[PDB]
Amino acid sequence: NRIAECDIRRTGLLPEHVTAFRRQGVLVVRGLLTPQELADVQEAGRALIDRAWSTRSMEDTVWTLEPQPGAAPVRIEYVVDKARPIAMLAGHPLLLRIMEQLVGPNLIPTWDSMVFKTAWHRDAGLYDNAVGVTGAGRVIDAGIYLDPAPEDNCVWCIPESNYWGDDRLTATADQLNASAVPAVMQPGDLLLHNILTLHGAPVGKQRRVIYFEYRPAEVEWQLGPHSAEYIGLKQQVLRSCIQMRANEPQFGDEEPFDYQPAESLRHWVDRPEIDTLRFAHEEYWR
């Protein structure tokens, strides 16, 4: 059974899309980025990877082997704090109007990164009774694609596996890894998946995806995985990116996302106006 598709600039996010996402754990969104923004983010992506090779450092960068013959960077962490177009991407109103419907009005940006890879699994940050807490799709990985992902080389999902118990999840994944539907993507498209959805990929050309994860503040507040202070800082981060993007004249015609969480969840005055967009998870863990 196919992965539902939202042509976002054509229809908006329809109830059917929302329902598809909640049931199957995944949703394909076509044409998120305009031609111009796609190129801007492609370029920021290009420069960040180049700088990783030249500056063979592991600062916020995952390497296959130590910068050893055949070593390569495959991931940069906190890319929103590293490139101006990506920070502005983090405040994209179509993306965030979607995240608001799916995660709720108390959404906060958690992980942000860019993966450029050269196993079936769920993503991390699991809770006790994870399916009880977020089988419905409240903790969401936003994959914004800079390069094509053809059926040869794309992520595969097992729909509805976001409601699977631990035992069946583990048993099925072990079978699958020892020995499904594809998200076939064009640049500027967005893949949304529930972190509880079993996904994975099987000999191809380098691909780039920017990942934004989102959680409800009230889930973080009570269950983690971050510390309580973290909520307010990522709220400033979200508000800053929306601000930055709003003040950019190529985006002047966009109606900015109106971030309005419940009163008791507004925590951005709590701290002084932040210096950085980078907040290391290990420094804000519980």
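A residue's number is simply how far along the shown sequence it sits, counting from 1.
- According to the entry, the deposited sequence has 1 to 3 residues without coordinates between residue 67 and residue 68.
- In the deposited sequence, the stretch from residue 202 to residue 203 hides 1 to 3 residues that have no coordinates.
- Comparing 160 to 168 with 182 to 190, the stretch with the higher mean C-alpha B-factor in the PDB entry is 182 to 190.
- Averaged over their C-alpha atoms, the temperature factors of 238 to 246 and 214 to 222 are higher for 238 to 246.
- Of the candidates 97, 122, 138, 117, it is 117 whose Cα B-factor is highest according to the PDB record.
- When the modelled residues of the chain are ordered by C-alpha B-factor, residue 18 sits in the lowest third.
- Residue-level temperature factors show residue 12 in the middle third of its chain, judged at the C-alpha atom.
- Per the deposited record, the Cα B-factor of residue 112 falls in the lowest third when ranked against the other modelled residues of its chain.
- Remark: residue 26 belongs to the lowest third of its chain, ranked by C-alpha B-factor as recorded.
- In this PDB entry, the Cα temperature factor of residue 133 sits in the bottom third of its chain's modelled residues, the lowest group.
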